[PDB]
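Only one chain comes next, encoded as structure tokens, the form deposited in one PDB entry.
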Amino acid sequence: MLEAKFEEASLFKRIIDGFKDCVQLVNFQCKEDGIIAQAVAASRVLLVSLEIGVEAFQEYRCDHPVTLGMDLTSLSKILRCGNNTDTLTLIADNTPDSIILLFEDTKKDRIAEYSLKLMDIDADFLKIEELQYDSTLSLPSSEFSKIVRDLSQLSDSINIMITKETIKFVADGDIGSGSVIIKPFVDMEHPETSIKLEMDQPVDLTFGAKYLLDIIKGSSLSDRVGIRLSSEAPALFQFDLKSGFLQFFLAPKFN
């Protein structure tokens, strides 16, 4: 018996909008220490990993573990409901068929109570992260977003390219070509406009722009995006939450 009460219903809506456009189904493992989730694109080139810790809820109680599969399209239809600053309460009784989402507003009158049917997904859950990534940068999520969006208009493939104190995004298509170079710097008038970079080995990797575009939708959810690149593994783009995170693992393009 689960009873997890988001402070503002807008968060859960947002974390789900954050990543709904790239994957159709999703398995939510609810535990004593919060809910965690994973979603693999059907293409198997993008994985979405989510963690919501207890400190992201106004209240939270999971007596036993529960796994809730659910169609993201359905769940987010239900999440357009209610008002934006209401208490959304996830509820499930043990070994369930239905999760129910229970919205109540700053007065006690509208008791809006939806209930979603659960899909059945098998928990081949993936641990795809690495100890050490060839490079690690970190920049404003809005910035990463303009440069992705901008370059996606030129071809299907954006090429990230990292060399000592130099992070370079590039697209190359029929129209023409595009090239956004950026460099690390601690700015102090807003220590959050900054750009961090740690390089152990230079990288040069290419990515589907389709997917980069899906990934940057997570900017609604943190001011900063951390992206970790490696030749040996999928790249990891990560948006930190209050308690928790939203990760996107993304595989590079071949030749």
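Note that residue numbering begins at 1 and tracks the sequence as displayed.
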Entry-level comparison of average CA B-factors, 126-134 and 75-83, reporting the higher stretch | 75-83
10-18 or 234-242, whichever carries the higher mean Cα B-factor | 10-18
Which is it among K210, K217, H190, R228: the one with the largest CA B-factor in the entry?
-> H190
In terms of CA temperature factor as recorded, identify the highest of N159, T95, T89, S152.
-> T95
Where does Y114 sit by CA temperature factor within its chain: lowest, middle or highest third?
-> middle
Going by what the PDB entry lists, where does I175 fall on CA B-factor within its chain: lowest, middle or highest third?
-> highest
Should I121 be placed in the lowest, middle or highest third of its chain by the C-alpha B factor in the entry?
-> highest
So, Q201's CA B-factor, relative to its chain, sits in which third? The highest
Can you tell me which third, lowest, middle or highest, the CA B-factor of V186 falls into for its chain?
-> highest
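Just so you know, the form solved in complex with a partner chain exists too; it's not on screen, but the next bit is about it.
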With the partner chain left out of view, which of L47, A37, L68, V203 would have a heavy atom within 4.5 Å of it in the bound PDB entry?
-> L47
According to a 4.5 angstroms non-hydrogen atom cut-off, is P234 in contact with the partner chain in the bound PDB entry?
-> yes
